[PDB]
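Encoded as structure tokens, the following chain is the form deposited in one PDB entry, with no partner shown.
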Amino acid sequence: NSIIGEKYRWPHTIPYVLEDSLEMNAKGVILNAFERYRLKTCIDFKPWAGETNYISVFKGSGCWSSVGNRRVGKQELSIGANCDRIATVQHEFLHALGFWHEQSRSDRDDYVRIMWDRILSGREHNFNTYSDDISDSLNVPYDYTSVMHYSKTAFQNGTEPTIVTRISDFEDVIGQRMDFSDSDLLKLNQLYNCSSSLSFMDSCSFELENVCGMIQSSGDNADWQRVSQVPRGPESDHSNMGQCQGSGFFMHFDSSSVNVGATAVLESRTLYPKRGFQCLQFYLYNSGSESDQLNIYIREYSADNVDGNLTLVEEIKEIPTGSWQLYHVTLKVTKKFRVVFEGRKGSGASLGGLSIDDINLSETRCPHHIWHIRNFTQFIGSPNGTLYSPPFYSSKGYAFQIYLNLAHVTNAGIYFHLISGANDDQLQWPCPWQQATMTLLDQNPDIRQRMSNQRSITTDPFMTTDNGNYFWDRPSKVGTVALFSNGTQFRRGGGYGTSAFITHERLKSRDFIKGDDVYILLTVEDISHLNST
């Protein structure tokens, strides 16, 4: 579904302009989409600085883009109303990069049947097919899960689908708008001879005996052990969760059989950063004591320190026992370096130890907060599936809470709530231009194969409610009464998001649910600086 012709290729770095017609939330979402390209492709984006051909993103009618580099100078790409979704931006830029819709493939009739009699009159022009002399599928099979594939209802007249998948099980699969599919990357990365990405650094699941090049320190008291189980926990690794026999390993620091203060250090291979900011993430399991801790250091190398200088970046203490726990550690390294995992036994009694698995490192921004939902499957489609996150404080001081609604039969909804907080007396009301990004984590061991489902909203301080109040005003003024889990009363403002965050079927696909656990990643950022672009 790629356009044939070297004249349609962009440079690997695309110049762009974010026109002022774009909504605030749209501008932030667009910049997020660029981050995804930087993680999984060799395509990059930079502000236009006089280049002849560039992309002008503006709030036109609908979401659309030309296919390929048209070399017309200013090439328009429309992110109109309701197009402010990261998957939609990725989709539109795949058009710009030279891709038609998946159902436009020359072989599309072998996999889907277009119901022309059920298309709305005047809408049949979007269901075209391109022959193999102008369209090249790059030796990749037809991809129902493509982010460039319409859903079954596209431009439908009535309740009857316009696109019918011959493999009936794919009827509701087509139309996913979560992230690149594996084939989307295969085709794009092939079309642009992509050898590496900007933001990806390392992914380690310990499934090979060389443990991703990590080295055991000799100036310590114990070694991390590559094991597939620990008696007291965990019974299996996090990557496979015991699915495959003889597979599924993790590194374990046995704190039960060492003295207080003893340490085991595991250091990563040498890494060369390109951006100056990184996010280190990994899953931890604690079957020992709450006094045991994991310390993260950064060993930076320079001409001044050829041996490398250590810097403590985070101490992870009081680790919950009995379940895998996701952690994020923010880094700001600019020189070649290693990551250091030091497991230290505390004074408390331990009968197990610390386990680490599914490590990923990328030159990306960490999420500000994480919502970890245990025993999640019971709530899908259940009346008691009305879930509220713990209270969090945004970077600017606003207290907020997340509402995830799984009670309805087909769709899951997610909403961002402001709640009463300790800084409300000194905060700006109504909440102005705070972009809340909510991401349902696709818990694939490899960050490169994650199709996380992400939606963003921006608080508009002029939005009002039916009774005349400002929607994002101080929760004590406009919010309803709510009770914390501990019984403490608080005020919860209006919730804003979408009732169509993710379908229950997609929620049960891939690795959104893993170990009956779900993780929702949260970032609340002031984007008022995007008003002028």
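From 1 onward, residues are counted along the sequence shown. We call the rigid core whatever largest set of C-alpha positions still superposes within 1.5 Å between the two forms.
In none of the other PDB entries of this protein that model the residues around it does residue 385 lack coordinates, well short of a third.
Residue 212, present in the displayed chain, carries coordinates in each of the other PDB entries compared that cover both sides of it, far from a third leaving it out. Higher mean CA temperature factor, per the PDB entry, when comparing 169 to 177 with 317 to 325: 317 to 325.
Judged by mean Cα B factor in the deposited record, 51 to 59 ranks above the other of 51 to 59 and 38 to 46. Per the deposited record, 350 carries the highest C-alpha B-factor of all listed residues (104, 444, 350, 330). As recorded in the PDB entry, 247 shows the highest C-alpha B-factor of the residues 435, 236, 247, 270. Ranked by Cα temperature factor within the chain, residue 380 sits in the highest third according to the deposited record. Ranked against the other modelled residues of its chain, the C-alpha B-factor of residue 126 as given in the entry falls in the highest third. In this PDB entry, the Cα temperature factor of residue 475 sits in the top third of its chain's modelled residues, the highest group. When all modelled residues of the chain are sorted by CA temperature factor, residue 506 is found within the middle third. Annotation for residue 430: C-alpha temperature factor in the highest third relative to the rest of the modelled chain, per the entry.
As for the form deposited in another entry, it is not shown, yet the points below apply to it.
Looking at 271, 119, 402, 77 after a core superposition between this form and the one not shown, you find that only 119 has a C-alpha shift of 2 Å or more. Relative to the superposed core, residue 384 undergoes a Cα shift smaller than 2 Å between this form and the one not shown. Core-superposed comparison between this form and the one not shown: the C-alpha position of residue 221 differs by no less than 2 Å. The two forms, fitted on the rigid core, differ between this form and the one not shown by less than 2 Å at the CA of residue 411.
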